[PDB]
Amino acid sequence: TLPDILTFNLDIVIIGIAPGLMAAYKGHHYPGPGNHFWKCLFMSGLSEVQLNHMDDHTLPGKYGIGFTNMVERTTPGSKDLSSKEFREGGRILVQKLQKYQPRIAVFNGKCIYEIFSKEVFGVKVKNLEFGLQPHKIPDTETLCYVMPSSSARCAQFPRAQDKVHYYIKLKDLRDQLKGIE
C-alpha cells in the first residue's frame, strides 16, 4: 500500500503511525510540508542538504535511515485507527525489526510507543518521556527512541524547530553507538 523503505545494517529506522492521505497519493514518505520531518533531518545534520520526500529511497544506503510504519494501511489519520488495529500492527512491526536489526528504532509519535510497550513489553509506562526507552527490541540489539510526531497537527510543538532537539539527540545516540562497535 505504502511500501516500507527498509534494508539491513541501518543506523536508524523511522516508524510512523499510519500513512496519511497525501503520503499515499504521492507514494513517498513524509511529503507534507507541513511535515517537519525533512526539515528536521537537515537541521539536525542527519542530512547535510534539504531533502523533500522524493529523496526518500536514497536514505538507506547513503544516510543509514529507513522508513516503516506501525500501521501499513492508509488513514487520514490518526484518530481513526482501531485499538485492535494498532496492536495487530505491533506484531508485524517487530518482525521486521528483528529481521532487519537497525541500531535504533525511532518511533514517530508518542501514541505508537505507548501501545508497543503495552503489547510488546507488557509495560504500561507511566508518564512517558521522549527519547531513549529502557527496553531493547526483543531478540535484537535495536534500541527504541520516542519522538513527537512530526505532524503540524501536534500543537504542543508548533514548529519544526521545536522538534529538532530530538533529532539531534538521536544523531548523538547514533554516534555513540558507533563508538562501542
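Just count from 1 along the sequence shown to find any residue number.
Query raised in the report: Do the CA atoms of 154 to 162 or those of 9 to 17 have the higher mean B-factor in the entry?
Result: Looking at the record's C-alpha B-factors, the answer is 154 to 162.
Query - Maximum C-alpha temperature factor, selected from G34, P134, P148, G66 - result: Among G34, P134, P148, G66, the PDB entry lists the largest C-alpha B-factor for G34.
Query raised in the report: In terms of the chain's CA B-factor thirds, is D175 lowest, middle or highest?
Result: As the PDB entry reports it, the C-alpha B-factor of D175 lands in the lowest third of its chain.
Query raised in the report: Mind checking which third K84 falls in for C-alpha B-factor across the chain?
Result: Its C-alpha B-factor, which the entry lists for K84, ranks in the highest third among residues of this chain.
Report task. Sorting the chain's modelled residues by C-alpha B-factor, tell me whether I92 ends up in the lowest, middle or highest third. Result -> Highest third - that is where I92 ends up once the chain's C-alpha B-factors are sorted.
Query raised in the report: Within this chain, which third does the Cα B-factor at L41 fall in: lowest, middle or highest?
Result: Its C-alpha B-factor belongs to the middle third of this chain's values.
Query raised in the report: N108's Cα B-factor: lowest, middle or highest third of the chain?
Result: It belongs to the lowest third of the chain when residues are ordered by C-alpha B-factor.
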